[PDB]
>>> print(open('start_22.cif').read())   # mmCIF, C-alpha atoms and all ligand atoms
data_final
#
loop_
_atom_site.group_PDB
_atom_site.id
_atom_site.type_symbol
_atom_site.label_atom_id
_atom_site.label_comp_id
_atom_site.auth_asym_id
_atom_site.auth_seq_id
_atom_site.Cartn_x
_atom_site.Cartn_y
_atom_site.Cartn_z
ATOM 1 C CA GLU L 1 -139.451 -75.901 74.614
ATOM 2 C CA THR L 2 -141.222 -75.769 71.257
ATOM 3 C CA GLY L 3 -144.525 -74.857 72.946
ATOM 4 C CA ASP L 4 -142.948 -71.863 74.690
ATOM 5 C CA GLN L 5 -143.541 -68.900 72.369
ATOM 6 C CA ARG L 6 -141.325 -65.928 73.179
ATOM 7 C CA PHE L 7 -142.679 -62.383 72.890
ATOM 8 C CA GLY L 8 -141.669 -59.131 74.606
ATOM 9 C CA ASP L 9 -139.539 -60.814 77.319
ATOM 10 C CA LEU L 10 -142.581 -62.957 78.230
ATOM 11 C CA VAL L 11 -143.436 -66.544 77.330
ATOM 12 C CA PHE L 12 -146.803 -67.784 76.040
ATOM 13 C CA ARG L 13 -147.642 -71.499 75.998
ATOM 14 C CA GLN L 14 -150.809 -72.990 74.539
ATOM 15 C CA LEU L 15 -152.326 -75.462 77.004
ATOM 16 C CA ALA L 16 -155.611 -76.289 75.237
ATOM 17 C CA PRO L 17 -157.426 -75.088 72.084
ATOM 18 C CA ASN L 18 -158.597 -71.790 73.653
ATOM 19 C CA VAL L 19 -156.193 -71.521 76.619
ATOM 20 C CA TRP L 20 -152.666 -70.113 76.903
ATOM 21 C CA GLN L 21 -150.365 -69.618 79.884
ATOM 22 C CA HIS L 22 -148.569 -66.262 80.147
ATOM 23 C CA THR L 23 -145.246 -66.105 82.004
ATOM 24 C CA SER L 24 -143.307 -63.043 83.152
ATOM 25 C CA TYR L 25 -140.098 -62.749 85.154
ATOM 26 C CA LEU L 26 -138.740 -60.451 87.845
ATOM 27 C CA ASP L 27 -135.066 -60.463 88.876
ATOM 28 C CA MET L 28 -134.734 -59.917 92.642
ATOM 29 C CA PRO L 29 -131.590 -60.156 94.801
ATOM 30 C CA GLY L 30 -131.470 -63.555 96.442
ATOM 31 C CA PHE L 31 -134.276 -65.070 94.347
ATOM 32 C CA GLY L 32 -133.109 -65.143 90.743
ATOM 33 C CA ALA L 33 -135.457 -64.186 87.920
ATOM 34 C CA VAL L 34 -138.711 -65.546 89.346
ATOM 35 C CA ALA L 35 -141.320 -66.738 86.849
ATOM 36 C CA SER L 36 -144.998 -66.009 87.432
ATOM 37 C CA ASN L 37 -147.776 -67.561 85.362
ATOM 38 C CA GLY L 38 -151.328 -66.564 84.512
ATOM 39 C CA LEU L 39 -153.855 -67.528 81.841
ATOM 40 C CA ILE L 40 -155.416 -66.209 78.649
ATOM 41 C CA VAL L 41 -158.728 -67.769 77.560
ATOM 42 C CA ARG L 42 -160.538 -67.209 74.275
ATOM 43 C CA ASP L 43 -164.293 -67.463 74.848
ATOM 44 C CA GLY L 44 -165.873 -67.106 71.424
ATOM 45 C CA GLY L 45 -165.306 -63.572 70.189
ATOM 46 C CA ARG L 46 -163.610 -62.254 73.330
ATOM 47 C CA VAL L 47 -160.597 -62.910 75.540
ATOM 48 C CA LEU L 48 -160.440 -63.339 79.318
ATOM 49 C CA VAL L 49 -157.255 -62.880 81.375
ATOM 50 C CA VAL L 50 -156.318 -64.474 84.705
ATOM 51 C CA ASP L 51 -153.646 -62.471 86.590
ATOM 52 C CA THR L 52 -151.419 -59.641 85.477
ATOM 53 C CA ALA L 53 -147.660 -59.920 85.041
ATOM 54 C CA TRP L 54 -145.269 -58.520 87.684
ATOM 55 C CA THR L 55 -145.270 -55.038 86.122
ATOM 56 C CA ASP L 56 -147.346 -52.689 84.011
ATOM 57 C CA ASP L 57 -144.855 -52.858 81.129
ATOM 58 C CA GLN L 58 -144.969 -56.664 81.128
ATOM 59 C CA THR L 59 -148.764 -56.629 81.276
ATOM 60 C CA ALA L 60 -148.815 -54.291 78.277
ATOM 61 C CA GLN L 61 -146.887 -57.034 76.449
ATOM 62 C CA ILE L 62 -149.582 -59.578 77.363
ATOM 63 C CA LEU L 63 -152.134 -57.283 75.741
ATOM 64 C CA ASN L 64 -149.882 -56.680 72.725
ATOM 65 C CA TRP L 65 -149.513 -60.463 72.312
ATOM 66 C CA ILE L 66 -153.275 -60.960 72.514
ATOM 67 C CA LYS L 67 -153.806 -58.365 69.779
ATOM 68 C CA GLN L 68 -151.185 -59.964 67.539
ATOM 69 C CA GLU L 69 -151.988 -63.635 68.094
ATOM 70 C CA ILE L 70 -155.752 -63.636 68.804
ATOM 71 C CA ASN L 71 -156.971 -60.207 67.631
ATOM 72 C CA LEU L 72 -160.167 -60.141 69.703
ATOM 73 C CA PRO L 73 -161.142 -57.747 72.496
ATOM 74 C CA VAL L 74 -160.238 -58.520 76.098
ATOM 75 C CA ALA L 75 -163.553 -58.485 77.959
ATOM 76 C CA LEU L 76 -162.323 -58.880 81.533
ATOM 77 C CA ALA L 77 -159.489 -59.894 83.805
ATOM 78 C CA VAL L 78 -159.662 -61.644 87.166
ATOM 79 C CA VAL L 79 -156.672 -61.384 89.511
ATOM 80 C CA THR L 80 -156.135 -63.998 92.157
ATOM 81 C CA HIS L 81 -154.705 -62.108 95.174
ATOM 82 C CA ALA L 82 -153.082 -58.823 96.210
ATOM 83 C CA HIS L 83 -149.406 -59.559 95.536
ATOM 84 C CA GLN L 84 -147.179 -57.950 92.909
ATOM 85 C CA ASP L 85 -146.905 -61.037 90.692
ATOM 86 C CA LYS L 86 -150.722 -61.183 90.315
ATOM 87 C CA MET L 87 -151.758 -57.491 90.420
ATOM 88 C CA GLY L 88 -148.572 -55.598 89.534
ATOM 89 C CA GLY L 89 -149.953 -54.688 86.106
ATOM 90 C CA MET L 90 -153.446 -53.402 86.901
ATOM 91 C CA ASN L 91 -152.738 -49.979 85.379
ATOM 92 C CA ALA L 92 -152.020 -51.601 82.013
ATOM 93 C CA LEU L 93 -155.381 -53.392 82.096
ATOM 94 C CA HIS L 94 -157.209 -50.208 83.023
ATOM 95 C CA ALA L 95 -155.440 -48.279 80.228
ATOM 96 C CA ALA L 96 -157.037 -50.816 77.859
ATOM 97 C CA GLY L 97 -160.533 -50.366 79.256
ATOM 98 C CA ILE L 98 -160.635 -53.949 80.539
ATOM 99 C CA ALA L 99 -163.086 -54.636 83.367
ATOM 100 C CA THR L 100 -161.096 -56.001 86.296
ATOM 101 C CA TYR L 101 -162.256 -58.311 89.088
ATOM 102 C CA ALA L 102 -160.745 -59.564 92.334
ATOM 103 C CA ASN L 103 -161.842 -61.007 95.645
ATOM 104 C CA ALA L 104 -163.325 -58.153 97.683
ATOM 105 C CA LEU L 105 -160.590 -58.819 100.251
ATOM 106 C CA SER L 106 -157.910 -58.414 97.570
ATOM 107 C CA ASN L 107 -159.374 -55.034 96.642
ATOM 108 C CA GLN L 108 -159.358 -54.029 100.304
ATOM 109 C CA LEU L 109 -155.704 -55.075 100.668
ATOM 110 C CA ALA L 110 -154.409 -53.730 97.374
ATOM 111 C CA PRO L 111 -153.708 -50.108 98.399
ATOM 112 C CA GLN L 112 -151.707 -51.049 101.487
ATOM 113 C CA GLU L 113 -149.793 -53.572 99.368
ATOM 114 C CA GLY L 114 -148.805 -50.791 96.963
ATOM 115 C CA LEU L 115 -151.138 -52.167 94.289
ATOM 116 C CA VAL L 116 -154.094 -50.779 92.346
ATOM 117 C CA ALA L 117 -157.427 -52.400 93.223
ATOM 118 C CA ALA L 118 -159.543 -54.119 90.630
ATOM 119 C CA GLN L 119 -162.658 -52.197 89.601
ATOM 120 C CA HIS L 120 -165.063 -54.913 90.734
ATOM 121 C CA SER L 121 -165.261 -57.120 93.815
ATOM 122 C CA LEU L 122 -166.122 -60.812 93.895
ATOM 123 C CA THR L 123 -167.794 -62.253 96.956
ATOM 124 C CA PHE L 124 -168.089 -65.894 97.882
ATOM 125 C CA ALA L 125 -170.673 -68.171 99.402
ATOM 126 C CA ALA L 126 -169.825 -70.033 102.593
ATOM 127 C CA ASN L 127 -168.997 -73.154 100.552
ATOM 128 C CA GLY L 128 -166.364 -71.171 98.612
ATOM 129 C CA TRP L 129 -168.060 -70.770 95.240
ATOM 130 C CA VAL L 130 -168.295 -67.234 93.891
ATOM 131 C CA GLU L 131 -171.674 -65.568 94.214
ATOM 132 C CA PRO L 132 -172.453 -65.491 90.465
ATOM 133 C CA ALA L 133 -174.077 -62.054 90.455
ATOM 134 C CA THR L 134 -170.649 -60.662 91.402
ATOM 135 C CA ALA L 135 -168.968 -62.416 88.437
ATOM 136 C CA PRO L 136 -171.033 -61.230 85.461
ATOM 137 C CA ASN L 137 -169.937 -62.391 82.021
ATOM 138 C CA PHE L 138 -167.294 -64.801 83.345
ATOM 139 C CA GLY L 139 -168.147 -67.391 80.679
ATOM 140 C CA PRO L 140 -166.214 -70.605 81.307
ATOM 141 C CA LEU L 141 -164.304 -69.205 84.302
ATOM 142 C CA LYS L 142 -165.469 -70.853 87.531
ATOM 143 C CA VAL L 143 -164.105 -68.996 90.548
ATOM 144 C CA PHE L 144 -163.592 -70.668 93.930
ATOM 145 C CA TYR L 145 -162.274 -69.333 97.245
ATOM 146 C CA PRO L 146 -160.605 -72.346 98.916
ATOM 147 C CA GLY L 147 -159.813 -70.746 102.249
ATOM 148 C CA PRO L 148 -156.700 -68.966 103.493
ATOM 149 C CA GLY L 149 -153.417 -70.481 102.428
ATOM 150 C CA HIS L 150 -150.699 -68.761 100.446
ATOM 151 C CA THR L 151 -152.565 -65.580 101.433
ATOM 152 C CA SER L 152 -155.858 -64.856 103.171
ATOM 153 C CA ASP L 153 -157.391 -63.639 99.902
ATOM 154 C CA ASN L 154 -156.152 -66.254 97.413
ATOM 155 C CA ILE L 155 -158.735 -67.431 94.855
ATOM 156 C CA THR L 156 -158.667 -70.168 92.230
ATOM 157 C CA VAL L 157 -160.213 -70.592 88.778
ATOM 158 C CA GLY L 158 -161.428 -73.599 86.788
ATOM 159 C CA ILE L 159 -161.978 -73.412 83.031
ATOM 160 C CA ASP L 160 -165.181 -75.140 82.044
ATOM 161 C CA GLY L 161 -164.889 -77.244 78.904
ATOM 162 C CA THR L 162 -161.238 -78.046 79.612
ATOM 163 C CA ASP L 163 -159.137 -80.260 81.879
ATOM 164 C CA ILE L 164 -157.588 -77.175 83.513
ATOM 165 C CA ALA L 165 -157.801 -75.699 86.984
ATOM 166 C CA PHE L 166 -155.644 -72.763 88.084
ATOM 167 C CA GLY L 167 -154.341 -72.763 91.642
ATOM 168 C CA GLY L 168 -152.355 -69.552 91.429
ATOM 169 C CA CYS L 169 -150.013 -69.015 94.344
ATOM 170 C CA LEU L 170 -151.677 -71.657 96.481
ATOM 171 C CA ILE L 171 -150.326 -74.674 94.586
ATOM 172 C CA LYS L 172 -146.699 -75.630 93.918
ATOM 173 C CA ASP L 173 -145.575 -78.473 91.670
ATOM 174 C CA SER L 174 -145.033 -82.094 92.682
ATOM 175 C CA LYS L 175 -141.242 -81.631 92.675
ATOM 176 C CA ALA L 176 -141.204 -78.371 94.641
ATOM 177 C CA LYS L 177 -138.935 -78.285 97.678
ATOM 178 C CA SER L 178 -141.006 -75.657 99.506
ATOM 179 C CA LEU L 179 -144.224 -73.658 99.336
ATOM 180 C CA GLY L 180 -142.434 -70.571 98.016
ATOM 181 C CA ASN L 181 -143.151 -67.210 99.605
ATOM 182 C CA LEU L 182 -145.016 -67.736 102.894
ATOM 183 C CA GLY L 183 -144.738 -64.125 104.096
ATOM 184 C CA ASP L 184 -148.532 -63.616 104.085
ATOM 185 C CA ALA L 185 -149.557 -67.256 104.487
ATOM 186 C CA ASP L 186 -152.016 -68.838 106.909
ATOM 187 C CA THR L 187 -149.979 -71.812 108.016
ATOM 188 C CA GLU L 188 -152.718 -73.435 110.109
ATOM 189 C CA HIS L 189 -155.310 -73.521 107.308
ATOM 190 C CA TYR L 190 -153.102 -73.955 104.230
ATOM 191 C CA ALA L 191 -153.391 -77.750 103.969
ATOM 192 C CA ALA L 192 -157.185 -77.685 104.143
ATOM 193 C CA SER L 193 -157.341 -74.873 101.581
ATOM 194 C CA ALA L 194 -155.130 -76.751 99.117
ATOM 195 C CA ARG L 195 -157.349 -79.806 99.508
ATOM 196 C CA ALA L 196 -160.500 -77.699 99.068
ATOM 197 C CA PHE L 197 -159.150 -76.486 95.718
ATOM 198 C CA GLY L 198 -158.707 -80.089 94.626
ATOM 199 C CA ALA L 199 -162.212 -81.025 95.775
ATOM 200 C CA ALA L 200 -163.759 -78.003 94.000
ATOM 201 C CA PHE L 201 -162.290 -79.075 90.644
ATOM 202 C CA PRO L 202 -162.247 -82.880 90.897
ATOM 203 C CA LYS L 203 -162.287 -83.434 87.124
ATOM 204 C CA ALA L 204 -159.212 -81.304 86.443
ATOM 205 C CA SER L 205 -156.141 -83.201 85.284
ATOM 206 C CA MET L 206 -153.938 -80.232 84.297
ATOM 207 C CA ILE L 207 -153.141 -78.096 87.322
ATOM 208 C CA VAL L 208 -151.774 -74.686 86.379
ATOM 209 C CA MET L 209 -150.038 -72.610 89.018
ATOM 210 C CA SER L 210 -148.164 -69.361 89.418
ATOM 211 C CA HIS L 211 -144.608 -70.582 89.953
ATOM 212 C CA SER L 212 -144.091 -73.822 88.099
ATOM 213 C CA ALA L 213 -145.046 -75.422 84.841
ATOM 214 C CA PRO L 214 -148.409 -77.208 84.616
ATOM 215 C CA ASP L 215 -148.534 -80.503 86.474
ATOM 216 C CA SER L 216 -150.826 -83.387 87.310
ATOM 217 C CA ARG L 217 -153.001 -83.516 90.421
ATOM 218 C CA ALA L 218 -149.857 -84.674 92.258
ATOM 219 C CA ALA L 219 -149.137 -80.954 92.617
ATOM 220 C CA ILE L 220 -152.179 -80.634 94.874
ATOM 221 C CA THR L 221 -151.271 -83.716 96.917
ATOM 222 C CA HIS L 222 -147.678 -82.583 97.383
ATOM 223 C CA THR L 223 -148.664 -78.996 98.199
ATOM 224 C CA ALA L 224 -151.132 -80.162 100.850
ATOM 225 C CA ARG L 225 -148.478 -82.459 102.328
ATOM 226 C CA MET L 226 -145.893 -79.668 102.595
ATOM 227 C CA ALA L 227 -148.615 -77.487 104.106
ATOM 228 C CA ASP L 228 -149.523 -80.125 106.706
ATOM 229 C CA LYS L 229 -145.911 -79.992 107.904
ATOM 230 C CA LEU L 230 -146.417 -76.298 108.781
ATOM 231 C CA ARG L 231 -149.038 -77.128 111.428
HETATM 232 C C1 LIG L 301 -144.925 -61.891 97.208
HETATM 233 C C2 LIG L 301 -144.567 -61.956 95.743
HETATM 234 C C3 LIG L 301 -144.523 -60.561 95.153
HETATM 235 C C4 LIG L 301 -143.275 -62.761 95.538
HETATM 236 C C5 LIG L 301 -142.011 -62.186 95.408
HETATM 237 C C6 LIG L 301 -140.866 -62.976 95.241
HETATM 238 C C7 LIG L 301 -140.948 -64.357 95.207
HETATM 239 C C8 LIG L 301 -142.211 -64.937 95.352
HETATM 240 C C9 LIG L 301 -142.663 -66.295 95.383
HETATM 241 C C10 LIG L 301 -141.773 -67.520 95.201
HETATM 242 C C11 LIG L 301 -140.626 -67.667 95.961
HETATM 243 C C12 LIG L 301 -139.808 -68.773 95.765
HETATM 244 C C13 LIG L 301 -140.144 -69.720 94.803
HETATM 245 C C14 LIG L 301 -139.264 -70.967 94.554
HETATM 246 N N1 LIG L 301 -140.130 -72.123 94.514
HETATM 247 C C15 LIG L 301 -140.512 -72.794 93.421
HETATM 248 N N2 LIG L 301 -141.337 -73.788 93.832
HETATM 249 C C16 LIG L 301 -141.440 -73.690 95.182
HETATM 250 N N3 LIG L 301 -140.699 -72.660 95.588
HETATM 251 C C17 LIG L 301 -141.295 -69.563 94.040
HETATM 252 C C18 LIG L 301 -142.106 -68.458 94.238
HETATM 253 C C19 LIG L 301 -144.037 -66.242 95.551
HETATM 254 C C20 LIG L 301 -145.024 -67.360 95.687
HETATM 255 O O1 LIG L 301 -144.668 -68.431 96.213
HETATM 256 O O2 LIG L 301 -146.207 -67.133 95.354
HETATM 257 N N4 LIG L 301 -144.428 -64.974 95.594
HETATM 258 C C21 LIG L 301 -143.359 -64.151 95.510
HETATM 259 NA NA NA L 302 -163.700 -80.283 88.042
HETATM 260 ZN ZN ZN L 303 -148.672 -64.299 96.363
HETATM 261 ZN ZN ZN L 304 -146.826 -65.793 93.756
#
>>> encode(input="start_22.cif", output="structure tokens")
Amino acid sequence: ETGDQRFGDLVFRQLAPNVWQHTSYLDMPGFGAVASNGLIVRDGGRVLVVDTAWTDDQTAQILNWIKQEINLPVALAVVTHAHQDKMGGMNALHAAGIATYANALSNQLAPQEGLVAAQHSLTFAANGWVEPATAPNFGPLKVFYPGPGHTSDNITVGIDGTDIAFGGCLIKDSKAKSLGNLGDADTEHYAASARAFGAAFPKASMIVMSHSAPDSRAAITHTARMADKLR
């Protein structure tokens, strides 16, 4: 659509005045060319990234796009679990000198997953909110661990000052026929974790997610319902 700017085999879509969705694609036998989404946030004179693309080369295109279209330094990136669609491009971020952050558990898992760990580890209070001293300079990004679901390590991100909350791999859209790739999922706890995400960001009306276009809060409801069926 008109909002879907094309650049370097990726797609960039403005969602709010200072927020864009990045989308990259990986062709895999049996799956088609699977889209994965992350975010780009301008916070004053700097840019913040949520999630890499599937590959280093694609993630380099995210950074090229930022330079062309925003032309401000990228201060940090936060990646939302140790799977290829979210952390496949860590080397590109590190080649740009960008400080990278992930759940401590994601950093522990990354090497066995064939991924490069983020430089910095986030830890979370018992109620799920990030311990702020582990998320220095996060600006409007509000990071929440909802519990195991799509993976054990999945985290979520709200953008303060906007209507947006990012569910990453945890949340699928209201028309989705399944929960996507459950290979590393916690099927017992998924429904509660999806609901915890919704309760952490109760003001959010635009739910952004890894594998479908932004949706209403019906994405959370429908995801939790599909997840309840797994119990
Ligand atoms: C583990 C990771 C590297 C990976 C590889 C290949 C596919 C996926 C998917 C995925 C699979 C199917 C669909 C189709 N679909 C659309 N809405 C509901 N299902 C969507 C995503 C996910 C995911 O679910 O995070 N991770 C993936
Ligand atoms: Na909220
Ligand atoms: Zn995943
Ligand atoms: Zn995914």
>>> residues_near_point(input="start_22.cif", point="(-155.9, -72.5, 88.5)", cutoff="12 Å", atoms="all atoms listed in the file", output="MDAnalysis selection string")
chainID L and resid 19 21 37:40 50:51 78:80 141:146 154:160 162:172 194 197:198 200:201 204:215 217 219:220
>>> closest_residue(input="start_22.cif", among="L:43, L:57, L:69, L:173", to="residue 93 of chain L", atoms="all atoms listed in the file")
L:57
>>> resolve_selection(input="start_22.cif", expression="the PyMOL selection byres (((chain L and resi 121) around 8) and not hetatm)", output="count of residues only")
11
>>> residues_near_ligand(input="start_22.cif", ligand="ligand ZN 303 (chain L)", cutoff="8 Å", atoms="all atoms listed in the file", output="MDAnalysis selection string")
chainID L and resid 81:86 150:151 154 169:170 181 184
>>> write_last_selection(input="start_22.cif", atoms="C-alpha atoms", output="PDB file, keeping the file's coordinate frame")
ATOM      1  CA  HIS L  81    -154.705 -62.108  95.174  1.00  0.00           C
ATOM      2  CA  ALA L  82    -153.082 -58.823  96.210  1.00  0.00           C
ATOM      3  CA  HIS L  83    -149.406 -59.559  95.536  1.00  0.00           C
ATOM      4  CA  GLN L  84    -147.179 -57.950  92.909  1.00  0.00           C
ATOM      5  CA  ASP L  85    -146.905 -61.037  90.692  1.00  0.00           C
ATOM      6  CA  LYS L  86    -150.722 -61.183  90.315  1.00  0.00           C
ATOM      7  CA  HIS L 150    -150.699 -68.761 100.446  1.00  0.00           C
ATOM      8  CA  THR L 151    -152.565 -65.580 101.433  1.00  0.00           C
ATOM      9  CA  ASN L 154    -156.152 -66.254  97.413  1.00  0.00           C
ATOM     10  CA  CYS L 169    -150.013 -69.015  94.344  1.00  0.00           C
ATOM     11  CA  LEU L 170    -151.677 -71.657  96.481  1.00  0.00           C
ATOM     12  CA  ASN L 181    -143.151 -67.210  99.605  1.00  0.00           C
ATOM     13  CA  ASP L 184    -148.532 -63.616 104.085  1.00  0.00           C
TER      14      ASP L 184
END
>>> closest_residue(input="start_22.cif", among="L:10, L:176, L:218, L:26", to="ligand LIG 301 (chain L)", atoms="only C-alpha atoms and all ligand atoms")
L:176
>>> atom_distance(input="start_22.cif", atom1="atom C12 of ligand LIG 301 (chain L)", atom2="atom CA of residue 63 of chain L")
26.2 Å
>>> resolve_selection(input="start_22.cif", expression="the PyMOL selection byres (((chain L and resi 56) around 12) and not hetatm)", output="number ranges by chain")
L: 24, 51-55, 57-63, 84-96, 115-116
>>> closest_residue(input="start_22.cif", among="L:199, L:17, L:221, L:67", to="ligand NA 302 (chain L)", atoms="only C-alpha atoms and all ligand atoms")
L:199
>>> atom_distance(input="start_22.cif", atom1="atom CA of residue 202 of chain L", atom2="atom CA of residue 49 of chain L")
22.7 Å
>>> closest_residue(input="start_22.cif", among="L:99, L:16, L:117, L:179", to="ligand LIG 301 (chain L)", atoms="only C-alpha atoms and all ligand atoms")
L:179
>>> atom_distance(input="start_22.cif", atom1="atom CA of residue 225 of chain L", atom2="atom CA of residue 126 of chain L")
24.7 Å
>>> closest_residue(input="start_22.cif", among="L:73, L:180, L:147, L:3", to="ligand LIG 301 (chain L)", atoms="all atoms listed in the file")
L:180
>>> axis_aligned_box(input="start_22.cif", around="ligand LIG 301 (chain L)", padding_each_side="4 Å", output="JSON")
{"center_x": -142.7, "center_y": -67.2, "center_z": 95.3, "size_x": 14.9, "size_y": 21.2, "size_z": 11.8}
>>> closest_residue(input="start_22.cif", among="L:46, L:203, L:175, L:231", to="ligand LIG 301 (chain L)", atoms="all atoms listed in the file")
L:175
>>> resolve_selection(input="start_22.cif", expression="the PyMOL selection byres (((chain L and resi 25) around 7) and not hetatm)", output="JSON, numbers by chain")
{"L": [23, 24, 26, 27, 33, 34, 35, 36]}
